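Asker: Before I ask anything, here is the structure I am working with.
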Amino acid sequence: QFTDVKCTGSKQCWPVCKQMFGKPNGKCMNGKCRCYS
């Protein structure tokens, strides 16, 4: 899924997603994190 927090690339989005949802991977999109499956 998507997030509503500031990201600075996939790397920052990995822990951020891990925390929010629990999908330790993901990518960033012009400011917000994205998770994977």
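Residues are named by chain letter and number: chains run A, B, ... in the order of the structure tokens, numbers start at 1 in each chain, and ligands are numbered from 1 in the order shown.
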Among chain A, which residues does DSSP mark as strand (DSSP E or B) when it is run on the backbone? Keep the chain and numbering as in the structure and answer as a list in words.
Answerer: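 Selecting the strand (DSSP E or B) positions of chain A gives residues 2, 3, 4, 5, 6, 27, 28, 29, 32, 33 and 34 of chain A.
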Asker: Leaving out region 19-26 of chain A and any residue of its chain fewer than 6 positions from it, which residues lie within 6 Å of it when counting only C-alpha atoms, given as a PyMOL selection string?
Answerer: chain A and resi 10+13+34-36
Asker: Hey, what does DSSP flag as helix (DSSP H, G or I) within chain A? Can you give it to me as a PyMOL selection string?
Answerer: chain A and resi 10-20
Asker: For the selection you just gave me, I'd like the residues written to a file as a PDB file, in the first residue's frame, keeping N, CA, C and O atoms.
Answerer:
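Generated output (again.pdb):
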ATOM      1  N   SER A  10      13.483   4.716  -1.879  1.00  0.00           N
ATOM      2  CA  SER A  10      13.086   3.346  -1.463  1.00  0.00           C
ATOM      3  C   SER A  10      13.660   2.934  -0.095  1.00  0.00           C
ATOM      4  O   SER A  10      12.947   2.466   0.768  1.00  0.00           O
ATOM      5  N   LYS A  11      14.947   3.127   0.048  1.00  0.00           N
ATOM      6  CA  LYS A  11      15.680   2.790   1.296  1.00  0.00           C
ATOM      7  C   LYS A  11      14.963   3.269   2.559  1.00  0.00           C
ATOM      8  O   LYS A  11      14.787   2.504   3.474  1.00  0.00           O
ATOM      9  N   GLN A  12      14.579   4.519   2.566  1.00  0.00           N
ATOM     10  CA  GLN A  12      13.866   5.083   3.753  1.00  0.00           C
ATOM     11  C   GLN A  12      12.445   4.510   3.856  1.00  0.00           C
ATOM     12  O   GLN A  12      11.895   4.382   4.924  1.00  0.00           O
ATOM     13  N   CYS A  13      11.904   4.178   2.714  1.00  0.00           N
ATOM     14  CA  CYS A  13      10.527   3.614   2.636  1.00  0.00           C
ATOM     15  C   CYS A  13      10.456   2.160   3.118  1.00  0.00           C
ATOM     16  O   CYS A  13       9.395   1.711   3.493  1.00  0.00           O
ATOM     17  N   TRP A  14      11.564   1.468   3.079  1.00  0.00           N
ATOM     18  CA  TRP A  14      11.574   0.052   3.534  1.00  0.00           C
ATOM     19  C   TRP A  14      11.219  -0.077   5.047  1.00  0.00           C
ATOM     20  O   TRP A  14      10.252  -0.746   5.364  1.00  0.00           O
ATOM     21  N   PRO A  15      11.970   0.545   5.938  1.00  0.00           N
ATOM     22  CA  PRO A  15      11.683   0.528   7.400  1.00  0.00           C
ATOM     23  C   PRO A  15      10.347   1.227   7.675  1.00  0.00           C
ATOM     24  O   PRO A  15       9.571   0.770   8.488  1.00  0.00           O
ATOM     25  N   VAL A  16      10.130   2.324   6.991  1.00  0.00           N
ATOM     26  CA  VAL A  16       8.862   3.097   7.163  1.00  0.00           C
ATOM     27  C   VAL A  16       7.650   2.195   6.899  1.00  0.00           C
ATOM     28  O   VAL A  16       6.700   2.209   7.659  1.00  0.00           O
ATOM     29  N   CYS A  17       7.719   1.438   5.833  1.00  0.00           N
ATOM     30  CA  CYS A  17       6.584   0.529   5.504  1.00  0.00           C
ATOM     31  C   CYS A  17       6.562  -0.590   6.547  1.00  0.00           C
ATOM     32  O   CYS A  17       5.507  -0.945   7.032  1.00  0.00           O
ATOM     33  N   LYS A  18       7.726  -1.115   6.853  1.00  0.00           N
ATOM     34  CA  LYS A  18       7.846  -2.216   7.866  1.00  0.00           C
ATOM     35  C   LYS A  18       7.048  -1.811   9.122  1.00  0.00           C
ATOM     36  O   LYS A  18       6.325  -2.589   9.714  1.00  0.00           O
ATOM     37  N   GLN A  19       7.235  -0.563   9.468  1.00  0.00           N
ATOM     38  CA  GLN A  19       6.567   0.045  10.655  1.00  0.00           C
ATOM     39  C   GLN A  19       5.059   0.261  10.476  1.00  0.00           C
ATOM     40  O   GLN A  19       4.276  -0.166  11.303  1.00  0.00           O
ATOM     41  N   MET A  20       4.695   0.921   9.406  1.00  0.00           N
ATOM     42  CA  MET A  20       3.293   1.228   9.089  1.00  0.00           C
ATOM     43  C   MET A  20       2.409   0.009   8.814  1.00  0.00           C
ATOM     44  O   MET A  20       1.394  -0.178   9.455  1.00  0.00           O
TER      45      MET A  20
END
Asker: Neighbouring residues of residue 33 (chain A) were defined as those with any atom within 7 Å, considering only C-alpha atoms; residues of the same chain fewer than 4 positions away were excluded. Please report them as a list in words.
Answerer: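 Listing them by chain and then by number gives residues 2, 3, 5, 7, 13, 27, 28 and 29 of chain A.
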